[PDB]
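Notes for the one structure printed next.
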Amino acid sequence: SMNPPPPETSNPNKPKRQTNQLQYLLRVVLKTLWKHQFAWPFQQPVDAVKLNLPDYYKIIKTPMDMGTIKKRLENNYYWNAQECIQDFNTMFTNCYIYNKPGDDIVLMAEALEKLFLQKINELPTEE
Ligand SMILES: O=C1CN(C(=O)c2cncc(-c3ccccc3)c2)c2ccccc2N1
Ligand code: NA
């Protein structure tokens, strides 16, 4: 069994910026989700070998996880906040697509997503 290479977290080719919104995404949004009791399954790429999920990467072709997002934010990978918001949403969507409603992992994603929406609602206007 084999995992795919993880999503990139640096690309010197890719233009990048710091914005007030990106700083909020790290200091408030990622911080908040990372420390939550339900964060752990989402803190690194899904390890389909260890978890014995050989179909995971046959189903999920756009993987994303908070370990990747954390590294992207700490490296200033992004140009804008919407790229990073999209990453979070990809992560949640992957969980909902792969798993059944009401599975514990889905409950975990839902709790994290509730907090994500709460924080995103007060994203600052750009400086
Ligand atoms: O989307 C996924 C990927 N996944 C995990 O990432 C994962 C990794 N660590 C822990 C959990 C987890 C935590 C509590 C309850 C059930 C699963 C899940 C997982 C593992 C096993 C069975 C189903 C899934 N579904
Ligand atoms: Na599903």
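Can you tell me the orientation of helix 104-120 relative to the chain, as the angle in degrees between its alpha-carbon axis and the longest Cα principal axis, to the nearest 10?
Around 10 degrees separate the two axes.
In degrees between 0 and 90, to the nearest 10, how far off the longest principal axis of the chain does helix 81-98 point, with axes built from Cα atoms?
Value to nearest ten degrees: 10.
Which of the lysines could be linked to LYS14 by a straight reach, that is with a Cα gap under 23 Å, when you skip same-chain ones fewer than 8 residues away?
Candidates past the 8-residue exclusion: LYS61, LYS70, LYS71.
Before rounding to the nearest 500, sum -39500 (n - 2.57) across all DSSP H runs of length at least 4 in the chain and divide by the residue total; then give [θ] at 222 nm in deg cm²/dmol. Don't jump to the answer; show the numbers that get you there.
Details: 6 runs with 57 residues, N = 127.
Calculated from helices alone, the mean residue ellipticity at 222 nm is -13000 deg cm²/dmol.
Against the empirical 2.2 N^0.38 Å scaling, what ratio does the C-alpha Rg of the chain come to?
Values: Rg = 14.7 Å, N = 127, 2.2 N^0.38 = 13.9 Å.
For the chain, the normalised Cα radius of gyration is 1.06.
Could you give me the percent of Cα pairs per 5 Å distance bin for region 27-78, shortest bin first, beginning at zero and ending with the bin that holds the maximum distance?
Calculated P(r), rounded to whole percents: 4, 18, 25, 22, 16, 11, 4, 0.
The numbers here are math on the coordinates, done by the rules we state, and not lab data.
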